[PDB]
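Chain lettering (A, B, C, D, E, F, G, H and I) follows the sequence in which the chains are written, and residue indices restart at 1 in each chain.
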Amino acid sequence: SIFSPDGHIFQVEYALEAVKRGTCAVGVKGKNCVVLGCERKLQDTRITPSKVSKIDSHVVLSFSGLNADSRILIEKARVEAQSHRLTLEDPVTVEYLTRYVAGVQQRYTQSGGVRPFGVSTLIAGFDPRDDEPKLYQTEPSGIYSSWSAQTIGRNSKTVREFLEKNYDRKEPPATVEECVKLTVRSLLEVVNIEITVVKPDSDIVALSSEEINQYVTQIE
Amino acid sequence: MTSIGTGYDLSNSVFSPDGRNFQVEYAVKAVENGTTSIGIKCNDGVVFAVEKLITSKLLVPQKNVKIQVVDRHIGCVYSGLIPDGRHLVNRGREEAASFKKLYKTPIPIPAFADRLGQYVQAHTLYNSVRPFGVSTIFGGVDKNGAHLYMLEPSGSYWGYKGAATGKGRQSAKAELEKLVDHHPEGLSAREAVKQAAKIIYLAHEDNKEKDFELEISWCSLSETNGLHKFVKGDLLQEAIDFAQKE
Amino acid sequence: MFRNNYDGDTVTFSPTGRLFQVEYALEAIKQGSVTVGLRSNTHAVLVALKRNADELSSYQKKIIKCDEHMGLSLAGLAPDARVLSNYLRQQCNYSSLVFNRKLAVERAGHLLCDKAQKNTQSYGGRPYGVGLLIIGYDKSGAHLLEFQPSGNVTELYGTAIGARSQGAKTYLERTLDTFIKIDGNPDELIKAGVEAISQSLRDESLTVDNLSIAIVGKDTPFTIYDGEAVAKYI
Amino acid sequence: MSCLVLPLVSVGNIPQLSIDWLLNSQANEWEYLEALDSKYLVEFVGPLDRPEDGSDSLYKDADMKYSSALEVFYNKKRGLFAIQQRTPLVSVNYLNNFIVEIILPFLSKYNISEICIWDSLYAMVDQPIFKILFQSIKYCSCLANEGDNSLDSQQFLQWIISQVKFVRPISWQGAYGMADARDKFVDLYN
Amino acid sequence: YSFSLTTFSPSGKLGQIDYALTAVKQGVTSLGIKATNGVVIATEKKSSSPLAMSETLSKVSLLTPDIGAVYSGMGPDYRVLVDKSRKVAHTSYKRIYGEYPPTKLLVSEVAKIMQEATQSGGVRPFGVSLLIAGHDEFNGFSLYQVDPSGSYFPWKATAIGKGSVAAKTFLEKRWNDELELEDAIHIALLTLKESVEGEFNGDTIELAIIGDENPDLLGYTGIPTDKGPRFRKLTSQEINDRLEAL
Amino acid sequence: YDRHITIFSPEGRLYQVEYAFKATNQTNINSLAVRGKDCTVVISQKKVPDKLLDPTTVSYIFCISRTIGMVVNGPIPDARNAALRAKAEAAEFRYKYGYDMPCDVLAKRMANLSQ
Amino acid sequence: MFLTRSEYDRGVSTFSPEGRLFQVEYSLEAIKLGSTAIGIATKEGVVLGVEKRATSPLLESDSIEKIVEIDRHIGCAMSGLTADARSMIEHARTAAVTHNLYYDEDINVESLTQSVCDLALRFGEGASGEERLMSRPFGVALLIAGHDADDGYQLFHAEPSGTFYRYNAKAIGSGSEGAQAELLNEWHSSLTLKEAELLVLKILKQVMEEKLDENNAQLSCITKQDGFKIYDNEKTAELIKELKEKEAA
Amino acid sequence: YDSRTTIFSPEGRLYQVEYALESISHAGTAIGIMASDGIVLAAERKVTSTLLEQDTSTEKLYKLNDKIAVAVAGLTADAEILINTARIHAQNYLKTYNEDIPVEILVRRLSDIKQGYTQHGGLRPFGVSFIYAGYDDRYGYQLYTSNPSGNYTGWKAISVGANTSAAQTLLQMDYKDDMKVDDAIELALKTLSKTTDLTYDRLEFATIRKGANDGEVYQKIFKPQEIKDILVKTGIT
Amino acid sequence: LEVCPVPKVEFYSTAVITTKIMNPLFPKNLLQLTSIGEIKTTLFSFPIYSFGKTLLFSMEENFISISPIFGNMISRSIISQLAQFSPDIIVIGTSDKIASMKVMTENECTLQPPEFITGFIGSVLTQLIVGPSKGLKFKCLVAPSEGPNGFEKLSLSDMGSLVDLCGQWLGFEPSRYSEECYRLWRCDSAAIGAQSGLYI
């Protein structure tokens, strides 16, 4: 009912099945930036909710899986970010914010009458007064971890294999443009694409379809 | 009868298509496995007696008392799942105290009977509990005289001249019935005590394999001033000797 | 096969009026290791066999003091034993603070009974799957009680519970006439107890590591002997 | 003449329990004949069951010590074949295999003129459609609820017979556990 | 039981609501007809024993002075809705504005009550459909059906319960947008006469109208601005009168 | 579910209620009530076969209030549950509204609890 | 005599016919799913080591945090469904700091352990009768290591069943069956901290599929004077070098 | 187990949500089309009898405030509950900020309510899909939908209810990125005409457009006869 | 539908046939286990062992992942290949359908109704008693257990009984053998109730 005889938690493992059905999301750390990429009609998309959300001025969250589930986490994260500014008089570190978000997820796997979040997330940005790019991933179980580059959702196994042989920790992409390109490349393996660039001290910018199209075409 | 009500006997408070509650009738089967207990209404009082099975000589004699007092004037004895019996008596003690607190006079026996009854039937209302696995024989003296009652797992109860429940209940009921026939003018409390000992003794032939110990209590206007007392000392031995002679 | 339909919760009678969840709880006790209790008119004694997980581990406590004049031993679910003995500690304590009165052992047994009973009549929880042997010394002398998962508590001269406990229980029946007379002689009552629990050993021996002993009595507060404290009896 | 009764493993196991009533209530007219291949079943080894009335153990071979998952039984008189089946199919997929390789060939052999199929149904595609397509046929379901169907099974068998004294297999005595119920009661609540 | 008992099935249908409708479809026919100067609502009074006095029960109920209702389906569900509907008219409307709610809003409150029974944990939907006839100053006369789902539609005329298919048909033929109340009453009778098996008089028929204000039913004089109630239930006598000269 | 709790069957029926009606005949006794010019009489069979019973404590009639009587057809413990509830309702009614609860009003009230 | 399905193992509050709580035993099983953790106690301190087990080269193994400080004198290692360790760690830290606020002393290690086990019980009735705090047992276990003045260096094993054992050495998680057997042979009362440190790597190298380095393994210790320290990659690699160069024998 | 509304299937699917969506695909079709200077909402009525009081009702389109309307597909009574919370949310925002509520903010809140029912509490989801038509000074004219999953997306044109794929195809065919509100009306009527299983008595119709007298935004819930007169002039007469 | 495929099974003095739960009874060193392979396919494989004059066929069970069709077909192969050499067979396993330790032979069934044996040792015993290649001489040791196949749990008593009887039948000394088995038993999850501290 809760545990299988080999010790898995059913609902949690089923939550992971939700993420797999979700659209591809990836993030990769450059030397002085972090890029986030996501995949996707007759719909208006200037008003439609994007897949990457500012949490505070310097931190973003993206996700893969049950879309509507992600809003609760985004909202909870934004509130905590303000609470942290209010009480510690300093904004969250990316790692702190990741703990918070993952802790929320874990909790929803141990309360009665409550379903786990069918989303995994990428959380990225720069700690206040620090220029080392940060990138974390969280899971429905509440596990979290730091990544040089990572992918979640459908075909993430394909995309991950791409990044393992095209991302070199010894030499991380030295420019925002390289970093974006590698992200766009990683997506074209399984792909309409979103890209959001985060540079230190709150330089958060989402690339328009135009600048993205300049990228994809050259790659092709 | 269909003793097993397949599809309707898996949870309490479910009516079978013939309007039965099988869980309550099953609770009765557990009561029928209990040791024999009886009550005898007498002229100005009531008497209780119970069979106590000596399962091992490791039991310490005269401990493990089964008859319980409620307030100062009511006795209770039950057959079946003994802890269900204590649970019910705990409720009765609160009900009694609560009545005595508002109204000052001790709770009358029929009033006490109905408090237990409603509580017992409340446990046939929901699937989140099970029925009580006891039948309870109880009563005492009030402003209206002696009263004796028996209360079943269904919540059903009535007043009795004599009452028996538990494993040896058929045998006991037969002797209770002879007793009634033989005493149209009434039965003194002392007499009822002795007769009670005899009856428990006869009923014990159903559990004849194991030894037993006899426990007897009473509540009588002339003998205990309408308070519940355990029958002890000479009177007890006198009843034990009498029962044995038969 | 038929039992399978009526044993899902403690809130379901079988067609013969059994509560299988309570009966199953009784079986939990057999998964524990043996413990014995016994008494005379002056003292009451517990003896327990403690288990280890392997040679790197400690042995698990089996005896718990509940007050100066009362304690117990357990066989079965360890957590259950922790819950029920804390409850007893609280009841003893309550009796002392409010009434300046040591809780009678007989009253301790009744309180324990009523608590365990509730778990057997309502949906949501489960019966306690642990057995308790309770010793004490109050105004009416020395006592030994056995607690069952059903809530039922019984006053005995001696008994044994847990795995292979039949041997000790037979030995205690067999030796009954003798041990109940061991008055003013605590070490001798303990020796009887160790002897009894020995009847429950299968190709295993009592050591300073696995043997636990407890005693209470007249002028003798509830005391627990482990380690080198048990050597004189081995 | 010849007729085989095939019980299905269905709701409340009444077909199987029906078979138990039939074979033990008629302990004299009945005989163990042979096993069938339990390849597609959860395979089973047990003792030999024998009727609750001290009568004869249906297994006339005084050297055979064990029973099996799948057993045919034979009525010397009324010319009837009865299968008792202890266990269900090792998977829902091998139902087709089981009918083809085990039921059909047994039907060819022995020259059964008619097979009767016992089934149970429950409040909430049904196996015989699987079975039928793999062909005189009698029978199918009955309306049931688990559990303790010691009495539902009799009424079923009482119902089919049209168209005696009832004995249980001695196995039924342990259907609430091997442990004595009187001993449990006295331990727990005395 | 802290979970919905009405849930979606794979076809997307909600079974308990459908089964609720089935109960409604099984009920005694009732109908409503909207005229230019009034509305009529009617039903049959099947007495489930001749020893029963059907006058002591009322299938047509006043909700406000200007609003009334009738039903098909489970009577006790209806009775209870009537109690709730009267209260919500005071608690959510009259106590705030000092005015009775207009028909469509009162229909809307009852709809909410019914919707809630199809979603809240531990409950079955109501097994009734209501027809509700009202008047209000800004909308004039109206007529609504509420279903077990909480859906409501406005009608010029309709029927519900057992004989509703034929009744809706009869009403389609006879209805036009110039009926005066008296026409609508007459047509309602002819309509109910098909559905009626058995007796057919002023004693087996219940009938009410929402029409003109009745100052004679006010109960007091002196406030000239005070409107009489528009709701009136027809007597046995009044109904027979029309029946003879049918 | 629909054979066990009060939810609709596909025929729009409530089985547990239907079965509840069956329960009412289990005591195997009949009652009748008749009205006079100025009185109401209720009568019910009384079957006390067990001679150990006190027949004076066997009753399916109850004095609900000074003016209201009730007779019940069905098992005594459900009977006494209702009797207690009606008595309480009737007392509360007199306290809150300042007059004796009418019989039809008590009946409706209990009907509603039942629904 | 027929084979029918058994619902003995579905509810957490359900006994099997022989008195087992199967849902609880399944949570004990869950530890198998975790990566290896190993604790070794000596008269000079307790060593706690873990297998990191990065699931991809892109994982920054530095953020794999399977050993944490509870207080200056107590650290712990986790294995299993590690997200469940969140509460336990939090509760432990609060227990230790609260004990010091209230009593002006360090919490005894066994107490701390007992305290974590009490929290673990909170899928059901609390040790003091509290009502349930969570809807399932945790699926993680802990090795708790420390020092106190009463019982010196201690190592405890806290199970999600809310029970515990004290050990001289103990291995949990995947591969622990063999790891524990090695510990049975190799452990002795006179082990130095250095030896204990090396024995941990040695047993890890054995059980770990991947080749042992300072990025897939982490050491740490508690000493009475320096308290709890997690070792860094530098120090651990040195220790690994010394292990290789010692297995010249 | 698919009776239970807040538990995952073994494929990480939420059954009750999916079945609620099935129910909606059988409801009366609703279209929404955004023009450069206005929005159009249209709903074909599920229920038809000649005795139905077609005027004085409008039971598929609802004003949420002066600037925002919705079109419903699903249980109308389910809808009413959520419509009422929305009207309240819009009024609270007006009370707190003394500004009209931004369309997306009202939409997100209802989507959050729907989402809630999918993650906790054991109650069935609402069987409704909404098309939101609104105007605000931040984003101008907007169109959104929400469904029992608690998801919401913005559209230039969209449909919900029965025959949705047939409708979407036509709209994909004849939608110009910058049309005029009078053409979007025509397109809407045509598209409902090509999927009807079509008269005025079976239609509800609304618009939100610049009043032209002047500079302000207007919500018109078309009357029955208005629907007639617009049904002929576009040659569906 | 139609007929489904069935696992193709591709293939001394004493043969021991058992499951993976009984691994503690065979201390790899103490009796020096060697190995040979054994494969099957469907449209899994497990090693054979020797020590060194006696074979050991130990099947891996898993309620969750391994269908019993595999063990059915495996039993079918092992018993047929074995019958044409007439070795003395030992079967060791567990049952949740038995109330005590069982020792059985080809001519003595100590089961009492309604006790019985499934699934793999059940398959094995079916082959040895029924169907082709019947008649082989075997002794069968069965301990009570609970839990799904591949997750069995046993009492410490019954683990003890298994060790005595099995060491004795194998003719080892009841010292080094007992000691080496108990070590392996305590590391196994079969005894997890005792090792966890759950039951004391």
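Simple rule for what comes next: a residue touches a chain if its C-beta (ideal position, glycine included) is under 8 Å from a C-beta of that chain, and two chains touch if they have at least 3 such contacts.
Here is each chain with its UniProt name: A = Proteasome subunit alpha type-4; B = Probable proteasome subunit alpha type-7; C = Proteasome subunit alpha type-6; D = Proteasome assembly chaperone 2; E = Proteasome subunit alpha type-2; G = Proteasome subunit alpha type-5; H = Proteasome subunit alpha type-3; I = Proteasome chaperone 1.
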item: Per Cα centroids, the chain farthest from subunit A; value: B
item: Separation of subunit D from subunit H, taking each centre as the mean of its C-alpha atoms, in whole Å; value: 61
item: Distance from the mean Cα position of subunit B to that of subunit A, given in whole angstrom; value: 71
item: Between subunit B and subunit E, centroid-to-centroid distance (C-alpha), Å; value: 56
item: Between subunit F and subunit G, centroid-to-centroid distance (C-alpha), Å; value: 65
item: Residues of subunit H whose C-beta touches two or more other chains; value: 122
item: Junction residues of subunit C, two or more chains touched; value: 1, 3-6, 14-16, 18, 26, 28, 30-31, 53-54, 60, 76-79, 124, 150, 152
item: For subunit D, residues contacting two or more additional chains; value: 13, 42, 44, 46, 49, 86-87, 146-148, 150, 169, 171, 175, 177, 185, 188-190
item: Every chain pair meeting the contact rule; value: A-G, A-H, A-I, B-C, B-D, B-F, C-D, C-G, C-I, D-G, D-I, E-F, E-H, G-I
item: Subunit D-touching residues of subunit G, taken from the complex the two chains share; value: 1-4, 17
item: Interface residues, subunit C side, partner subunit G - complex; value: 1, 3-4, 7-9, 20-21, 24-31, 52-58, 60, 76-79, 82-83, 86-87, 90, 124-127, 129
item: For the subunit I and subunit A complex, residues of the former touching the latter; value: 63-64, 147-148, 150-151
item: Residue ranges of subunit A in contact with subunit G within the complex; value: 1-9, 95, 102-103, 105-106, 109-112, 114, 136, 141-143, 145-150, 160, 163-164, 167
item: Residue ranges of subunit H in contact with subunit E within the complex; value: 2-5, 16, 19-26, 47, 49-53, 56-57, 59, 75-78, 80-81, 122-125, 127
